[PDB]
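Visitor: One structure follows; several queries about it will come next.
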Amino acid sequence: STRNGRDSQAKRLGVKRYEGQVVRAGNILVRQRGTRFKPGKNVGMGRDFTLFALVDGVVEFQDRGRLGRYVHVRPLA
Amino acid sequence: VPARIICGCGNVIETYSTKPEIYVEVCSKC
Amino acid sequence: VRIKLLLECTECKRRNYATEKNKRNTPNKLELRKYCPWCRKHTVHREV
Amino acid sequence: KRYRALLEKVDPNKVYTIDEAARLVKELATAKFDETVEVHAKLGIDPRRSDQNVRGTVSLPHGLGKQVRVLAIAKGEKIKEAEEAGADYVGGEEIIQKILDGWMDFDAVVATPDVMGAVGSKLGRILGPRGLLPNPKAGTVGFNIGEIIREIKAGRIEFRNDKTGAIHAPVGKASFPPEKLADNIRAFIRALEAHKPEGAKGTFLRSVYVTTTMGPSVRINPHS
Amino acid sequence: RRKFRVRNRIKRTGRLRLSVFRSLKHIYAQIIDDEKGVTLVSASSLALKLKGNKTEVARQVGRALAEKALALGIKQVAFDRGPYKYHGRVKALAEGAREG
Amino acid sequence: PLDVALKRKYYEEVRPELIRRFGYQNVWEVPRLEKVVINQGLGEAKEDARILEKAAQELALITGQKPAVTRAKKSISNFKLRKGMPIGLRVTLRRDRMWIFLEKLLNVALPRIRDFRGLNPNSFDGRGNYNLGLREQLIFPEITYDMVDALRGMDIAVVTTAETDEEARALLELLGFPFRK
Amino acid sequence: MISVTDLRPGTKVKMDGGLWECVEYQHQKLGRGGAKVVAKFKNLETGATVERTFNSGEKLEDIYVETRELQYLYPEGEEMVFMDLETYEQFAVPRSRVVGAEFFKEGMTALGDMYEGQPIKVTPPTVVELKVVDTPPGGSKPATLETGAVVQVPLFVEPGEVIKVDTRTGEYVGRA
Amino acid sequence: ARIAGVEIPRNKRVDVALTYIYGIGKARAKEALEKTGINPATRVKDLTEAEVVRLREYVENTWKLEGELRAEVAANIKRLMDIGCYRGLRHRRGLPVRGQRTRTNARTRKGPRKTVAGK
RNA sequence: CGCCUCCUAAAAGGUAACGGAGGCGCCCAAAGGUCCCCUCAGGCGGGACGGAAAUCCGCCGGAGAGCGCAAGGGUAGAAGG
RNA sequence: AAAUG
RNA sequence: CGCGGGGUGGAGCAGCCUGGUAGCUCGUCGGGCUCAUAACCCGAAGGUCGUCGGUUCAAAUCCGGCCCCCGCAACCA
Ligand SMILES: [Mg+2]
Ligand SMILES: [Mg+2]
Ligand SMILES: [Mg+2]
Ligand SMILES: [Mg+2]
Ligand SMILES: [Mg+2]
Ligand SMILES: [Mg+2]
Ligand SMILES: [Mg+2]
Ligand SMILES: [Mg+2]
Ligand SMILES: [Mg+2]
Ligand SMILES: [Mg+2]
Ligand SMILES: [Mg+2]
Ligand SMILES: [Mg+2]
Ligand SMILES: [Mg+2]
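Protein chains in written order, with UniProt numbering: chain G, 9 to 85; chain S, 10 to 39; chain P, 5 to 52; chain X, 6 to 229; chain C, 9 to 108; chain H, 2 to 182; chain W, 1 to 138, 147 to 184; chain B, 2 to 120.
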């Protein structure tokens with residue numbers, strides 16, 4: 009007779025498009041709770057903090073020291 | 010507005026505040 | 005909830021609705037705001 | 006006599022349509038002062054059924070004015086909101102002393118919960134059977150006192166069923182612009198209809214009229 | 009450990025900032041293009057001499073930055089100034105189709 | 002009013018000494034007055050409708066600056082009143098309001114204070130600033146005994162660009178601040 | 001609709017159209033049969049009790065008879081009115097459902113069993129203060153209290169004197 | 002009507018109004034008015050700034066009182082905090098010190114009551 | 001017995017047990033938009049009633065505060081006031 | 001009405 | 001080994017869901033009535049709310065771990 013045995017259906021978080029991968033405008037690039045990663049160039053983020061491409065291009069992960077981490081998208085030039 | 014400090018220990022004080030009709034029953038005389 | 009309660013909004017003499025949720029007890033005792041109707045555009049809007 | 010030539014202005018058999026009794030309700034009242042248009046209606050309920058009593062107010066589109074002295078009994082700067090609202094009389098548990106001993110020159114009485122305690126505790130039996138005491142249902146209690154006070158001036162009046170199973174309530178003045186009172190009436194009905202005690206068997210509004218402060222009372226169809 | 013936050017900028021998403029500076033005696037203003045870290049157009053206050061009102065002086069350096077700008081391709085920008093408070097000193101200059 | 006009896010004294014009677022005293026180099030660098038604060042806790046925003054504005058129109062009646070109604074930041078069970086609004090009254094004096102005030106205080110106020118045998122000399126300490134309290138509020142001229150339903154003490158805090166106490170001490174001392182010495 | 005295995009004294013529920021409150025609860029599972037819940041109840045208005053038994057399944061139907069604190073205001077008809085010193089609502093309770101409605105007082109704070117915003121039991125405190133406005137200055149004499157009721161008191165207790173009276177026995181329990 | 006130490010009496014004759022001071026008994030008050038030739042019967046609510054001032058003159062310097070006398074006496078009583086003057090060893094234990102009956106009464110120097118049981 | 005959080009879960013995701021440990025069935029007409037402002041908790045002084053934090057002043061304090069509620073990620077170049 | 005030593 | 005409820009003045013019970021309130025009866029000590037003792041009348045004192053944690057602005061109360069408490073079960077072999 010216990011008092012536990014509970015949990016929540018996993019949510020499958022994290023980067024969902026890595027640096028150098030080609031996307032299309034719309035692709036959600038990152039799923040995360042806080043803001044582990046922040047919007048960048050052509051990268052708006054959503055209500056739930058979900059970063060998503062804003063234009064067809066590639067993904068770049070700029071690490072900005074104590075300024076956080078960024079995910080940009082340099083469109084195809 | 011300016012004012013006047015009319016103690017009792019003589020000594021009047023011309024300065025400012027409100028109502029130049031002040032009966033300071035005891036200025037700096039103790 | 006109970007003190008909560010559901011409710012919508014009527015375009016003032018007519019149809020359409022919004023259906024939000026008032027909140028009894030606290031800021032209550034009736035309530036209306038401005039919102040856009042499927043027909044024409046923007047007006048007040050009462051509960052019911 | 007004098008009402009005879011005054012009573013002929015009513016078809017005892019007929020059923021009017023608000024409007025019908027509107028042009029009329031003005032020809033019905035004639036006095037040496039502005040008569041207030043009263044309204045009565047035998048609602049279908051039982052007093053003895055504690056639940057079915059009807060206590061509710063309504064903000065009117067037309068009519069009703071500062072023809073009332075409201076007292077806001079509160080603590081804090083609530084007073085500031087109240088006084089700025091139009092609180093003829095202001096002051097908490099110090100004004101209770103005014104009223105408690107003699108004083109009595111107002112109509113309404115708003116208040117704040119925080120100081121509400123002492124009120125009904127030491128004012129219960131006085132203004133209690135007077136219906137003046139602050140009651141939520143009859144929205145004269147609370148903190149948003151602002152709108153509250155500011156509103157008992159625009160057009161919000163109470164109306165609690167009596168013991169006979171009837172309810173009455175002034176819908177406006179006699180020299181009122183034609184379609185105003187007639188419109189001011191539906192406002193009163195639509196709100197009282199909107200308050201039907203869940204277990205009220207039979208037909209609700211059974212007898213609804215349109216009277217004048219002094220005289221004639223033309224019964225109408227409360228669905229007109 | 010930081011007096012005023014500013015960053016009314018930082019909220020700069022739309023390219024080409026009209027970066028202003030409120031000096032006690034003068035006023036400078038440059039049309040910076042980040043994502044490149046280069047200043048495309050300047051035009052300072054007393055670093056051009058000009059009149060002696062202060063605000064009427066700004067108005068000038070404004071029209072001076074606009075005219076200069078335009079003839080470079082510029083025509084669309086975004087205002088700024090940290091403690092800009094967008095008041096008095098405002099340079100609601102003609103030209104420069106950046107609106108506002 | 003841009004100038005007062007004390008203001009002058011500072012400039013042409015204190016300014017000199019301090020310099021000659023500690024030997025300052027730059028003009029500025031020598032002790033000046035920044036601001037003198039006067040607040041009241043009251044703690045009386047309890048029941049009975051705590052108006053206590055009289056204490057506000059008064060605090061300022063002797064100052065000439067309607068005070069700022071501070072409120073409780075946290076909330077305390079122990080002594081009723083909590084979470085917000087309730088109590089708090091305080092005004093900040095600068096420039097000329099600062100001078101035309103300290104004068105009276107030092108000339109007419111401090112004088113009549115029950116016993117008052119000078120101002121406790123420890124209230125400085127590391128503070129290039131000073132602090133002191135008053136029980137009554139009638140210690141001032143602009144207000145009489147009759148008009149004031151209840152009493153009302155208050156705290157007076159003078160801020161100084163002084164870094165040391167000696168610097169602060171001397172200054173307030175050359176100004177006229179009596180001292181429990 | 002809560003089952004029984006999940007009852008606890010204090011739980012209020014609706015049985016036989018009436019209001020109760022489990023006051024005794026004991027899970028019983030002897031032999032290899034199915035479990036059983038054997039409780040004892042109390043009506044909320046009448047005192048009547050009744051021990052009963054249920055299987056593991058059987059659901060009951062929880063009720064919401066919370067007990068706020070009301071307040072007397074004034075008499076009217078054969079009823080008396082109170083108020084929840086909380087939301088200040090108005091309750092017109094019929095003399096019957098007001099335990100010891102007499103020996104009360106137009107302004108005293110008592111307790112009521114709110115069942116859908118309508119008290120079905122209004123009790124004052126075991127003993128309340130009341131001003132005797134009667135009695136001959138003459147020992148164990150009758151004394152009409154300000155609420156019209158009468159009570160037996162000693163001598164010294166004379167007109168105007170406020171006393172105490174156990175609202176359960178209406179007996180003089182001392183003076184104010 | 003603030004006198005020595007802003008202690009303010011009023012609306013009644015000065016004679017007794019002075020009494021309303023810790024250091025002014027009916028005596029020092031009747032010997033204080035003739036020494037400035039004022040009318041005893043006069044209501045404090047009327048008297049030349051001079052009458053009041055030269056009044057606050059005497060009073061304050063004529064004798065040390067309230068505040069300074071008040072406080073002072075406590076110190077008087079302190080000194081009896083020597084090593085054990087029987088006049089102090091009664092002051093330490095809130096009890097009369099002028100030889101008063103102690104079995105009974107002596108209440109005024111011992112708060113209300115403590116009772117306790119019997120034998 | 002459905003839902004959320006953390007661990008187990010073996011550095012992508014996912015992953016069991018009558019494994020460990022907690023939450024929810026709501027709530028806000030401002031606790032929502034937007035625009036402009038402000039920066040905390042604590043700590044050492046310093047101060048009338050004033051605990052040990054009521055209100056005030058001075059420094060020191062990058063986040064230990066806060067963000068309605070569990071926990072987690074998040075966050076003062078605000079998501080806080 | 002009203003116990004005991 | 002589980003199943004539910006209980007530890008509150010000296011005794012026996014309220015109060016706990018609906019957090020800001022210690023309610024009752026007896027007992028105790030003081031004082032009267034009596035020659036005296038009861039009774040009876042007058043008045044008073046007394047509760048870490050089992051403990052140790054946590055939640056809250058605050059807890060007897062809400063939350064957990066323990067300690068004692070009372071009652072119920074332990075069946076098919
Ligand atoms: Mg499981
Ligand atoms: Mg599992
Ligand atoms: Mg899982
Ligand atoms: Mg998980
Ligand atoms: Mg599912
Ligand atoms: Mg992991
Ligand atoms: Mg994994
Ligand atoms: Mg701090
Ligand atoms: Mg401190
Ligand atoms: Mg304190
Ligand atoms: Mg302190
Ligand atoms: Mg602290
Ligand atoms: Mg005894």
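C-beta: ideal position from N, C-alpha, C; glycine also.
(1) Inspect the beta-carbon positions of B:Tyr-21 and B:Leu-66 and report whether they are closer than 8 Å.
(2) What residues are listed by DSSP as bridge partners for H:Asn-132?
(3) Given a cut-off of 8 Å, decide if C:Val-14 and C:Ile-35 are closer than it, judged by their beta-carbon atoms.
(4) CA-CA distance, X:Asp-39 and X:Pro-175?
(5) Using a Cβ-Cβ cutoff of less than 7 Å, which residues in the same chain neighbour G:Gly-52 once the five nearest sequence positions on both sides are dropped?
(6) Please list, in chain order, all residues of the same chain as W:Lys-105 whose beta carbon is under 6 Å from its beta carbon, the five residues on each side excluded.
(7) Classify X:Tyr-214 as helix, strand or coil using the three-state DSSP reduction.
(8) Excluding five sequence neighbours on each side, which residues of the same chain lie with their C-beta closer than 7 Å to the C-beta of C:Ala-86?
(9) Distance, Cα to Cα, H:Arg-118 vs C:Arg-17?
(10) I want to verify the contact list: residues of chain X whose CB lies under 7 Å from the CB of P:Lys-33, in sequence order.
(11) In the structure shown, what three-state DSSP assignment does H:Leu-173 receive?
(12) Tell me, to the nearest whole angstrom, how far the beta carbon of H:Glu-168 is from that of H:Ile-63; I am working on the premise that it is less than 8 Å.
(13) If you measure from the CB of X:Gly-61, is any heavy atom of ligand 1 nearer than 7 Å?
(14) When you compare only the Cα positions, how much space is there between C:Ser-50 and H:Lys-105?
(15) Please classify H:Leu-152: is it buried, with 16 or more other beta-carbons within 10 angstroms of its beta-carbon, or exposed?
(16) Going by CA-CA distance only, name the one from P:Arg-19, P:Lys-8 and P:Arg-28 that's closest to P:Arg-44.
(17) Can you pull the chain X neighbours of residue 143 of chain W, defined as C-beta to C-beta under 7 Å?
(18) Rounded C-beta distance between G:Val-67 and G:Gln-40? I'm assuming under 8 Å.
(19) Can you confirm whether B:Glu-50, when its beta carbon is compared against all beta carbons of chain S, has any partner nearer than 8 Å?
(20) Alpha carbon to alpha carbon, how far is S:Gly-17 from H:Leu-3?
(21) Apart from the five residues just before and just after B:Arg-14, which ones in its own chain have a Cβ nearer than 7 Å to its Cβ?
(22) Do you know whose CA, among H:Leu-19, H:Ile-39, H:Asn-79 and H:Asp-49, lies nearest X:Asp-119's CA?
(23) Between W:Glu-86, W:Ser-148 and W:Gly-100, which lies nearest to W:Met-114 when the distance is taken from Cα to Cα?
(24) To the nearest angstrom, how far is it from the Cα of B:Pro-113 to the Cα of H:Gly-127?
(25) Using beta carbons (cut-off 8 Å, strictly below), is H:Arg-153 in contact with chain B?
(26) So, using beta-carbon positions, are H:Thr-162 and H:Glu-14 closer together than 8 Å?
(27) Does the CB of X:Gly-207 have a neighbour CB from chain H at under 8 Å?
(28) According to DSSP, which residues form a beta bridge with W:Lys-59?
(29) Measure from the C-beta of X:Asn-149 to each C-beta in chain W and report whether the shortest distance is under 8 Å.
(30) Looking only at its own chain, which residues have a Cβ that is under 8 Å from the Cβ of C:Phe-12, when we skip the five neighbours before and after it?
(31) When we look at the beta-carbon of H:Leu-7 and count the other beta-carbons within 10 Å, is it buried (16 or more) or exposed?
(32) Taking C-beta pairs closer than 7 Å, name the residues in chain S that H:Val-38 reaches, listed in chain order.
(33) Among H:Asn-130, H:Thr-145, H:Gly-154 and H:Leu-172, which has the Cα closest to the Cα of B:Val-7?
(34) Taking only beta-carbon atoms, is S:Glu-34 less than 8 Å away from chain B?
(35) Under the three-state reduction of DSSP, which class applies to X:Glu-88: helix, strand or coil?
(36) When burial is assigned at 16 or more other CB atoms within 10 Å of the CB, is H:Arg-113 buried or exposed?
Guide: Concretely, from the data shown:
(1) no
(2) The partner list for H:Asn-132 (beta bridge, DSSP) reads H:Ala-158.
(3) At a Cβ-Cβ threshold of 8 Å, C:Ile-35 and C:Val-14 do not count as neighbours.
(4) 13 Å
(5) Contacts found: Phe-60 and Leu-62.
(6) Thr-155.
(7) strand
(8) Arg-20, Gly-22, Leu-24, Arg-25, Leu-26 and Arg-106
(9) 58 Å
(10) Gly-144
(11) helix
(12) Rounded, the Cβ-Cβ distance is 29 Å, inconsistent with contact.
(13) no
(14) 55 Å
(15) exposed
(16) When only C-alpha atoms are compared, the closest one is P:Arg-19.
(17) For residue 143 of chain W, nothing is modelled; it lies in the interval where chain W passes from 138 to 147 with no residues in between.
(18) In fact, because the Cβ distance is near 15 Å, the residues do not count as touching under 8 Å.
(19) yes
(20) Near 29 Å, if we compare the C-alpha coordinates of H:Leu-3 and S:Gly-17.
(21) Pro-41, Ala-42, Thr-43 and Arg-44
(22) H:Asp-49
(23) W:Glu-86
(24) 49 Å
(25) no
(26) no
(27) Not an interface residue.
(28) W:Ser-3
(29) no
(30) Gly-90 and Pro-91
(31) buried
(32) Simply none; closest approach about 18 Å.
(33) H:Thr-145
(34) Output row for S:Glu-34: interface = yes.
(35) helix
(36) buried
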